[PDB]
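Down below is the structure, laid out as structure tokens.
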Amino acid sequence: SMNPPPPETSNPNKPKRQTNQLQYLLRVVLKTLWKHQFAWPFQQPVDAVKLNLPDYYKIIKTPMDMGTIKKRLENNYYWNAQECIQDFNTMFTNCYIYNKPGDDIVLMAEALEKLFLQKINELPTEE
Ligand SMILES: Nc1cc(O)c(C(=O)O)cc1/N=N/c1ccc(S(=O)(=O)Nc2ccccn2)cc1
């Protein structure tokens, strides 16, 4: 098996804007999750060669990871905070799709997802 190229993280032609939500998504949400004890499997694209997962990209057609999300936020790749929230949810659900209920890695994603939901609950929407 061979990996796909990572998701795009930079497009010089896309319009750029900074919002309080995007700022919070990067400075608080991504930062908090990145430092979580369970973060390390999700900090870069799944390397199915290095991890000996030859069917991963046969099953996962929309890969996503927090290293990509970090780059997207940093490059002003997102226009809407919802695009970022969706990438986080793609990352969590990818793990659920590839693995099985009760798997350790699925419990780890579930814990990260709970933390994620607690943090976006406090998203600044002009407070
Ligand atoms: N499954 C994985 C698949 C992967 O692809 C990668 C990766 O690519 O990096 C890492 C993975 N890691 N898998 C772990 C499984 C258990 C533990 S654990 O020692 O903390 N034990 C428990 C037990 C129950 C609940 C929580 N943790 C740590 C990591």
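Letters A, B, ... mark the chains of the structure tokens in the order given; residue numbers begin at 1 per chain; ligand numbers begin at 1, in order shown.
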Site check for ligand 1: residues at most 12 Å away, only C-alpha atoms and all ligand atoms, as a PDB file with C-alpha atoms, in the first residue's frame:
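Dumped to part-v1.pdb:
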ATOM      1  CA  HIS A  36      -3.979  15.554  25.524  1.00  0.00           C
ATOM      2  CA  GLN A  37      -2.488  12.212  26.550  1.00  0.00           C
ATOM      3  CA  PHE A  38      -4.370  10.491  23.697  1.00  0.00           C
ATOM      4  CA  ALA A  39      -3.469  13.035  21.014  1.00  0.00           C
ATOM      5  CA  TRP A  40      -0.437  11.380  19.470  1.00  0.00           C
ATOM      6  CA  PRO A  41      -2.197   8.962  17.020  1.00  0.00           C
ATOM      7  CA  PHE A  42      -4.115  11.970  15.639  1.00  0.00           C
ATOM      8  CA  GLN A  43      -1.283  14.515  15.317  1.00  0.00           C
ATOM      9  CA  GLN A  44      -0.398  13.596  11.716  1.00  0.00           C
ATOM     10  CA  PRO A  45      -1.975  11.818   8.733  1.00  0.00           C
ATOM     11  CA  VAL A  46      -2.392   8.073   9.186  1.00  0.00           C
ATOM     12  CA  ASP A  47       0.748   6.490   7.695  1.00  0.00           C
ATOM     13  CA  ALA A  48      -0.669   3.134   6.600  1.00  0.00           C
ATOM     14  CA  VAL A  49       2.737   1.888   5.429  1.00  0.00           C
ATOM     15  CA  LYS A  50       4.576   2.713   8.658  1.00  0.00           C
ATOM     16  CA  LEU A  51       1.606   1.419  10.708  1.00  0.00           C
ATOM     17  CA  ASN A  52       1.075  -1.750   8.626  1.00  0.00           C
ATOM     18  CA  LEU A  53      -2.574  -0.907   7.874  1.00  0.00           C
ATOM     19  CA  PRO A  54      -2.835  -1.920   4.206  1.00  0.00           C
ATOM     20  CA  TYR A  56      -6.824   1.899   5.756  1.00  0.00           C
ATOM     21  CA  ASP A  65      -5.891  14.678  11.413  1.00  0.00           C
ATOM     22  CA  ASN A  94     -12.694   8.070  10.634  1.00  0.00           C
ATOM     23  CA  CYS A  95     -11.360   6.351  13.747  1.00  0.00           C
ATOM     24  CA  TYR A  96     -14.805   4.900  14.531  1.00  0.00           C
ATOM     25  CA  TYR A  98     -11.863   1.998  10.600  1.00  0.00           C
ATOM     26  CA  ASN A  99     -11.888   0.395  14.037  1.00  0.00           C
ATOM     27  CA  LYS A 100     -14.540  -1.332  16.132  1.00  0.00           C
ATOM     28  CA  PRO A 101     -16.586  -0.442  19.225  1.00  0.00           C
ATOM     29  CA  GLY A 102     -14.616  -1.121  22.389  1.00  0.00           C
ATOM     30  CA  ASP A 103     -11.218  -0.838  20.680  1.00  0.00           C
ATOM     31  CA  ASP A 104      -8.662   1.064  22.758  1.00  0.00           C
ATOM     32  CA  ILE A 105      -8.053   3.578  19.980  1.00  0.00           C
ATOM     33  CA  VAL A 106     -11.826   4.146  19.692  1.00  0.00           C
ATOM     34  CA  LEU A 107     -12.069   4.852  23.424  1.00  0.00           C
ATOM     35  CA  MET A 108      -9.171   7.278  23.006  1.00  0.00           C
ATOM     36  CA  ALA A 109     -10.929   9.115  20.169  1.00  0.00           C
ATOM     37  CA  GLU A 110     -14.159   9.193  22.191  1.00  0.00           C
ATOM     38  CA  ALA A 111     -12.290  10.849  25.069  1.00  0.00           C
ATOM     39  CA  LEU A 112     -10.742  13.428  22.725  1.00  0.00           C
TER      40      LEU A 112
END
- [ ] Find the residues near residue 84 (chain A): any atom within 12 Å, counting only C-alpha atoms, skip ones fewer than 3 places away on the same chain, and give them as a PyMOL selection string.
- [x] chain A and resi 9+21-26+29-30+64-66+68-74+76-81+87-91+116+120
- [ ] Using DSSP on the backbone coordinates, identify the residues of chain A assigned to helix (DSSP H, G or I); present them as a ChimeraX atom specification.
- [x] /A:20-34,40-42,56-59,66-74,81-98,104-120
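With only C-alpha atoms as the atoms that count, the minimum distance from residue 3 (chain A) to the choices A:61, A:27, A:119, A:16 is reached by A:61.
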Open item on the list: From the options A:115, A:17, A:93, A:10, which residue's atoms come nearest to residue 75 (chain A), counting only C-alpha atoms?
Closed with: A:10
